[PDB]
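Trainee: Dumping the structure here so I can ask a few things about it.
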Amino acid sequence: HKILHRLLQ
Amino acid sequence: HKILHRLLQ
Amino acid sequence: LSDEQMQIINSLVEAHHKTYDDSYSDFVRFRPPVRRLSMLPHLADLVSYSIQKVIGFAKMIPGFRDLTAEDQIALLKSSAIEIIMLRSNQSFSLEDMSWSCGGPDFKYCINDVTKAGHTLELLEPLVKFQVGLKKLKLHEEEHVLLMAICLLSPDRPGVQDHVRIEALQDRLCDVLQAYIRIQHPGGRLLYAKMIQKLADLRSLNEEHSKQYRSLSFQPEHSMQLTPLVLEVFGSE
Amino acid sequence: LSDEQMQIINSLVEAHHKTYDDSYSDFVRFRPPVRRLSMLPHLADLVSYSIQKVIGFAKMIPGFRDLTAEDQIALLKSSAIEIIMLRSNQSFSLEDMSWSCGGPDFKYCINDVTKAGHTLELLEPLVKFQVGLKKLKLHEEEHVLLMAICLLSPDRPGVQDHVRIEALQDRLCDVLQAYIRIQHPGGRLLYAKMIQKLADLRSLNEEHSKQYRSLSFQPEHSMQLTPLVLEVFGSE
Ligand SMILES: C=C1/C(=C\C=C(/CCCCCC)c2cccc(CCCCCC(C)(C)O)c2)C[C@@H](O)C[C@@H]1O
Ligand SMILES: C=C1/C(=C\C=C(/CCCCCC)c2cccc(CCCCCC(C)(C)O)c2)C[C@@H](O)C[C@@H]1O
């Protein structure tokens, strides 16, 4: 979940 | 490489 | 309504306005609609775009940012499609029985999603859900509270801090109950109907997951999805 | 030219015609160009589309289908960007120093790729490569042979059957040498120039891989790529 983690700052 | 394998039939 | 209940309502409404564009002007940047599975590219981009907006909305829900990154992801993954279903009601129309998002290109009927890899077994209860939810004629405060309550459901797979999340949702359910009682005439039975909608979303969630799994297992179809979509609806 | 050399030429030319659309009418289905990294979505879809075409072309190269699936993938992954660079010369124009692919929307200059995550350190030798290759004024038979020779290079990472692949490429280099000698007036020095182009592609390949790695490590940029692109240029 690298994208989700990034989007969640 | 599941996509590549599929596209290569 | 107390001041704290009021602040919660204000921030949630502002969060939605910041993450829901009524002009739908970003839709031109998606892969265009094609009318097999010709509608999957447009649908994938639309859903991917919507997930980013749901994330934006969630981060402004009071108490959500204090949660664990794992809990945030667990809640997001399991409820993503339900929030999308809820937020899509804003574009849904009872006149056309369809989602009207700006121009003629972005007027989506039930047949469009059929041409996108999903069946009537999902779409028939979906449209029925959309009709019933629209008929409730929610205030923006209520519709916004419903999305936040849905997202903070503790009964999701992968969640760890059930008590901290159930507390947040309770505090939100409290606000909704109070708002309806004080600000919504003839809404004596409305709250019970809204909770029933959350139950409807679980069944819709389940059916979507089955049909997504069918879709994602075929590389020729999964290659049409976006990395974000694969990550959110994926089993990893 | 012998009959076997002729059959090889025929099949390769037909393979290219079946995988290269001169109208570029599929480009309207890509995420539209936006003029940060506003051009990355369109570029990603264009490259992803082109990879599918390169795969189609490769499968019709004589001897390629008999190779191991692993060797086919290894050759494809390592040479994909080089074949794209080669095949893009068909749309490149010396008048505009740009790739003209149909309408005004799909007329790509060097600044467009800059707005897509790549720097002049790649684009400057790329355009220079495009100019030099165009100036060679290849016959369609030669341009098509060059792509096939490039793809069947045994000196790629991950290849296992070096002898079987080097043999196929030799057989192809033989055809190219013969064709130029018999069918191309004043091409006495052309073959050496074409081999030099293959050397140019290695340096371009290297620079692209570095800049792709920079791009793919940032989730906000990698999320704009396609699953196929991630798979082909990925390190997995
Ligand atoms: C996404 C939104 C809109 C419409 C939504 C809609 C209505 C459909 C509009 C687009 C039709 C092509 C919809 C809603 C829930 C479920 C579905 C079925 C597809 C589920 C996800 C697809 C996949 C990941 C491949 O499994 C469609 C349009 C606006 O209301 C914005 C809102 O966020
Ligand atoms: C792809 C094609 C065309 C143009 C190609 C071009 C010219 C550029 C056209 C599009 C500009 C937005 C190009 C060629 C090689 C390398 C590059 C740089 C980008 C490398 C891949 C990007 C990534 C995977 C993100 O690292 C561009 C256009 C037609 O000739 C078809 C041909 O297959």
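In order, the residues displayed for chain D correspond to 156-190, 251-451 in Swiss-Prot numbering, which applies throughout.
Recorded method for this deposit: X-ray crystallography, 2.3 Å.
Backbone N, Cα and C define each Cβ position, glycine as well.
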Trainee: Return the residue out of D:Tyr175, D:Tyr394 that Swiss-Prot annotates for the same calcitriol site as D:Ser265, D:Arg302, D:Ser306, D:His333, D:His423.
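Mentor: The one candidate that Swiss-Prot places in that calcitriol site: D:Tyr175.
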Trainee: If you look at how Swiss-Prot annotates this chain, which of D:274-292, D:350-368 comes out as region 'Interaction with coactivator LXXLL motif'?
Mentor: D:274-292
Trainee: For the feature motif '9aaTAD' as recorded in Swiss-Prot, pick the matching range from D:334-342, D:406-414, D:442-450.
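Mentor: Based on what Swiss-Prot states, motif '9aaTAD' spans D:442-450.
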Trainee: Below 8 angstroms Cβ to Cβ, which residues of this chain, lying six or more residues outside the region 'Interaction with coactivator LXXLL motif' (D:274-292), approach it?
Mentor: 163, 166-167, 169-170, 173, 363, 366-368, 371-376, 379-380, 383, 386, 447-448
Trainee: Where the chain breaks for 60 residues between D:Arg190 and D:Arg251, how wide is that break in Å, taking the Cα atoms?
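Mentor: Output for the chain break: 10 Å between Cα atoms.
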Trainee: Do any residues of this chain, six or more beyond the ends of the motif '9aaTAD' (D:442-450), have a C-beta under 8 angstroms from a C-beta of it, and if so which?
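Mentor: Counting only partners 6 or more residues beyond its ends, the motif '9aaTAD' (D:442-450) has Cβ contacts under 8 Å with 259, 262-263, 266-267, 291-292, 295-296, 424, 427-428, 431.
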Trainee: Per DSSP, what is the residue tally for the motif '9aaTAD' (D:442-450) in helix, strand and coil?
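Mentor: Result for the motif '9aaTAD' (D:442-450), in helix, strand, coil order: 6 helix, 0 strand, 3 coil.
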Trainee: DSSP on D:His333 (calcitriol binding site), three-state: which is it?
Mentor: coil
Trainee: Which residue counts does DSSP yield for the region 'Interaction with coactivator LXXLL motif' (D:274-292) in the helix, strand and coil classes, in that order?
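Mentor: Across the region 'Interaction with coactivator LXXLL motif' (D:274-292), the residues distribute as 9 helix, 0 strand, 10 coil.
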